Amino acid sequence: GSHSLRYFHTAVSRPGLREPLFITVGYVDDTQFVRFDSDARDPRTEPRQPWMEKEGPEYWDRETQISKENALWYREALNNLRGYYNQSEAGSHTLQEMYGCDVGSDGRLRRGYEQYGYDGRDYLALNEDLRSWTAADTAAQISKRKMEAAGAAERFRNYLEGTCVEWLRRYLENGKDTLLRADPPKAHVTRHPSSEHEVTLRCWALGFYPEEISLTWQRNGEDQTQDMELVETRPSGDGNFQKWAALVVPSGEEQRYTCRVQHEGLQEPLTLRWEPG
């Protein structure tokens, strides 16, 4: 199995306050493991999993220090971007960044990422070659030129190929019980009759990890996705996920319809039907 370490920064300007809001969250696969929030009383990087308590106080202090400096960096970035776009300081804007590394089962760097978003759109991205950049427009071309003149890509490539991949290995060992599990969904179909003519069948998948899952409905080897409501996958609140797929069928034909659940924790796909009781 492949694995990822990813960090997510969000900077939000706040017209007439001393500082933007800066939040970082880190994830290994689909598990959140750290956070930093510039608005906390005494902002610090904090664990979000019990097994991160394995890291000593140097780890926390250092993550905290760079987060603070990151917050300063974002403040300047937000100012510069408004300049490029002739946007008044009176208005709030959002800069977002996602970055990290994917590693294969073989344990080595399969792919590195560094992407910026501005007011919800792609802005500037490090290419897969880890030495060139893609700018979304002429503002981002200014940022691209700055990154090229500074040689930013080189420093980031060094992180990815060393530090990133090495720490992900370590996190994967320290949280092995949490992180290396594949908890299959518990699945069942429930019945919800509006009238004597029509009933909604809801196929539920609960308690699963990791997030990726396939729920589909079939009638006779015939796929029903054009009639089904598929909700976005949602968190349990305790480190797992939940999802359902519903479709309206005629009363008395419930047994013609099957729900198929596919997930990494399942040896084979589940195929389920609504069952009396």
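The first residue of the shown sequence is 1; numbering continues from there.
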query = In the PDB record, does 184-192 or 90-98 carry the higher mean Cα temperature factor?
reply = 184-192
query = Between 237-245 and 212-220, which has the larger average Cα B-factor in the PDB entry?
reply = 212-220
task = Check the PDB entry and point out which of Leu168, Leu201, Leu109, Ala152 has the largest C-alpha temperature factor.
result = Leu109
Candidate residues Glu173, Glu76, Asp122, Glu148, the one whose C-alpha B factor the record puts highest = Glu173
request  = Quick one: classify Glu114 as lowest, middle or highest third of the chain based on its Cα B-factor.
outcome  = lowest
task = Using the B-factors in the PDB entry, rank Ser143's C-alpha atom against the chain and give the third, lowest, middle or highest.
result = lowest
query = In terms of the chain's CA B-factor thirds, is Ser132 lowest, middle or highest?
reply = middle
key: Ranked against its chain, the third holding the CA B-factor of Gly83   = lowest
inquiry  = Quick check for you: using the entry's CA B-factors within this chain, is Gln65 in the lowest, middle or highest third?
reply    = middle
